[PDB]
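To start, the structure under review is shown below, and the notes come after it.
Number of protein chains: 4
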Amino acid sequence: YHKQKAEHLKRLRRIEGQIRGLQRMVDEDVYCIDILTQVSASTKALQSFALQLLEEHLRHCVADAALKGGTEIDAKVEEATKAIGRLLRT
Amino acid sequence: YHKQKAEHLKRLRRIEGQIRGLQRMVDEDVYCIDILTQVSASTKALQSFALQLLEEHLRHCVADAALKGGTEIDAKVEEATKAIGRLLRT
Amino acid sequence: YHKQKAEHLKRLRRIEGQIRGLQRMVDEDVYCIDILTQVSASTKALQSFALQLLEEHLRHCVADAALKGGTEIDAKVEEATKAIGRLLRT
Amino acid sequence: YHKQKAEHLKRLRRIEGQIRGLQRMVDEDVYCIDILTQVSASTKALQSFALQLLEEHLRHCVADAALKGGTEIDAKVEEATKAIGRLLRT
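As they're listed, the protein sequences go chains A, B, C and D. Here the first sequence is numbered in this note's numbering, starting from 1421 and rising by one per residue. Here the second sequence is numbered in this note's numbering, starting from 1421 and rising by one per residue. Here the third sequence is numbered in this note's numbering, starting from 1421 and rising by one per residue. Here the fourth sequence is numbered in this note's numbering, starting from 1421 and rising by one per residue.
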């Protein structure tokens, strides 16, 4: 958990780096297509971060499944599926 | 499994209907923005179909982890996460 | 316009082929991850089709702005941008 | 241009705010679904920012179209279409 946490924070540090980069590009009147390229890179990084958190969550649901009971499993999977739907709509 | 199969087939019949609709739109020189609106409708229906299949599979995976114990179903979680990543690009 | 129309129709024939393929996959109880891979392939082909239509329309819009002058085609730009936004959600 | 610039910077300030929020959530071991919700909000904001820059760019291509010539119009539209494709793949 500690290793995964450190890795998540490092991914978000990178992303905030990208967003600071975007501000500097806008400030410096950088050609809009070059900015769009960096926007797409930042969105991709966020998506990759989201998938890593989802995978870790699903792994936990697997680890704990025998303790939870059918109702709680169904509710966790319904919730994850909804989060996946919201992710898909970006 | 048999009811879900019927429901999967009905979704796909409607999607094929939408694609035939796109064909007729193109054939009839319909304004391209209206055509794009229908492309969005079709991709949305495909994504909704994907999410239904995903929910059912993830339900099976976690239920199977409860019945069998251990974390071997983690392989299936990783495979699902890769599938979601592919959906997210497209 | 006639050649582009032919090329639009051929893209859509192939997409309908893919959807019939999904139907047979479901009908034959194919493993759901393989089915998702084909859903991704179909959504990707739809997006590629959308981008072709968009390129052609934006070419027309800018060429028409050159021939006529002024900025009245800005309405068409806003309408296109809204179409792209809809595609991006789906 | 100055008003659009200020508006772009304000949008990116908001987004960096969101990313700082994500770091705090991870730091505080916030439930992963709540984090995913905020990831999706941040990706959506980036997409909305990208669309605003694209619209502004297309408006400029319209304003300048009579000065540019057919070759340069085609190249600008091809480039925008590619950027739109890259946007779609997030």
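Quick reminder that beta carbons are idealized off the backbone N, C-alpha and C, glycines included.
Run down chain C in chain order and give the residues with a C-beta less than 8 Å from the C-beta of residue i.
| i | result |
| --- | --- |
| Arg1506 (chain B) | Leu1456, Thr1457 and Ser1460 |
| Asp1484 (chain B) | Residues of chain C passing the Cβ test: none, with the nearest at roughly 14 Å. |
Could you tell me which of the options sits nearest to residue i, measuring between CA atoms?
| i | options | result |
| --- | --- | --- |
| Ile1435 (chain B) | B:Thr1491, B:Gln1467 and B:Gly1505 | B:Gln1467 |
| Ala1470 (chain D) | A:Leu1478, A:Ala1470 and A:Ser1460 | A:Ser1460 |
| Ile1493 (chain B) | A:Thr1491, A:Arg1431, A:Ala1485 and A:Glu1448 | A:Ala1485 |
| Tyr1451 (chain D) | A:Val1497, A:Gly1437, A:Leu1473 and A:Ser1462 | A:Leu1473 |
| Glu1499 (chain D) | A:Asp1454, A:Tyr1421 and A:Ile1439 | A:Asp1454 |
| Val1497 (chain A) | B:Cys1481, B:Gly1489, B:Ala1503 and B:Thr1491 | B:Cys1481 |
| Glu1475 (chain D) | D:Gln1438, D:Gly1490, D:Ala1503 and D:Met1445 | D:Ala1503 |
| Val1446 (chain B) | C:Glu1427, C:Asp1447 and C:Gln1438 | C:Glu1427 |
| residue 1511 (chain A) | A:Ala1465, A:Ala1483 and A:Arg1479 | Summary: the structure shown does not reach residue 1511 (chain A), with chain A confined to residues 1421 through 1510, and so no result is reported for it. |
| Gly1489 (chain B) | A:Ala1483, A:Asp1449, A:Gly1490 and A:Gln1458 | A:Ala1483 |
| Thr1491 (chain B) | A:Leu1478, A:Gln1443, A:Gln1438 and A:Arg1444 | A:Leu1478 |
| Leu1429 (chain A) | D:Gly1437, D:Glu1448 and D:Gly1505 | D:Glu1448 |
| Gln1443 (chain C) | B:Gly1437, B:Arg1444 and B:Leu1442 | B:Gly1437 |
Any C-beta of chain C sitting closer than 7 Å to the C-beta of residue i?
| i | result |
| --- | --- |
| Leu1429 (chain B) | yes |
| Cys1481 (chain B) | no |
| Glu1436 (chain B) | yes |
Within 7 Å (strictly less), CB to CB, does residue i reach chain B?
| i | result |
| --- | --- |
| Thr1501 (chain A) | yes |
Can you list the residues of chain D that residue i reaches, using a CB-CB cut of under 7 Å?
| i | result |
| --- | --- |
| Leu1442 (chain A) | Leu1432 |
Residues of chain D with CB closer than 8 Å to the CB of residue i, please, in chain order.
| i | result |
| --- | --- |
| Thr1463 (chain C) | None at all; the shortest Cβ gap to chain D is about 10 Å. |
| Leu1474 (chain C) | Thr1501 and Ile1504 |
Does any CB atom of chain A fall closer than 7 Å to the CB of residue i?
| i | result |
| --- | --- |
| residue 1375 (chain B) | Residue 1375 (chain B) lies beyond the residue range present for chain B, which begins at 1421 and ends at 1510; the question has no answer from this structure. |
| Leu1466 (chain D) | yes |
Around the C-beta of residue i, are 16 or more other C-beta atoms found within 10 angstroms, so that it is buried, or is it exposed?
| i | result |
| --- | --- |
| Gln1424 (chain B) | exposed |
| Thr1510 (chain D) | buried |
| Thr1463 (chain D) | buried |
| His1422 (chain D) | exposed |
| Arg1440 (chain B) | exposed |
| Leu1487 (chain D) | exposed |
| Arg1433 (chain A) | exposed |
| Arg1431 (chain B) | buried |
Going along chain A in order, which residues have a C-beta closer than 7 Å to the C-beta of residue i?
| i | result |
| --- | --- |
| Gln1424 (chain B) | Under the 7 Å cutoff, chain A gives no residues; its nearest Cβ is about 14 Å from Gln1424 (chain B). |
Starting from residue i, find everything on chain C with Cβ-Cβ shorter than 7 Å and list it in chain order.
| i | result |
| --- | --- |
| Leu1471 (chain D) | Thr1501, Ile1504 and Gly1505 |
| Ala1495 (chain D) | Those do not exist, as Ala1495 (chain D) stays about 11 Å from chain C at its closest Cβ, beyond 7 Å. |
Who are the neighbours of residue i on chain A, taking C-beta pairs under 9 Å?
| i | result |
| --- | --- |
| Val1450 (chain D) | Residues of chain A passing the Cβ test: none, with the nearest at roughly 10 Å. |
Could you tell me whether any Cβ in chain E is nearer than 7 Å to the Cβ of residue i?
| i | result |
| --- | --- |
| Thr1501 (chain A) | Note that chain E does not occur in the displayed structure, where the protein chains are A, B, C and D. |
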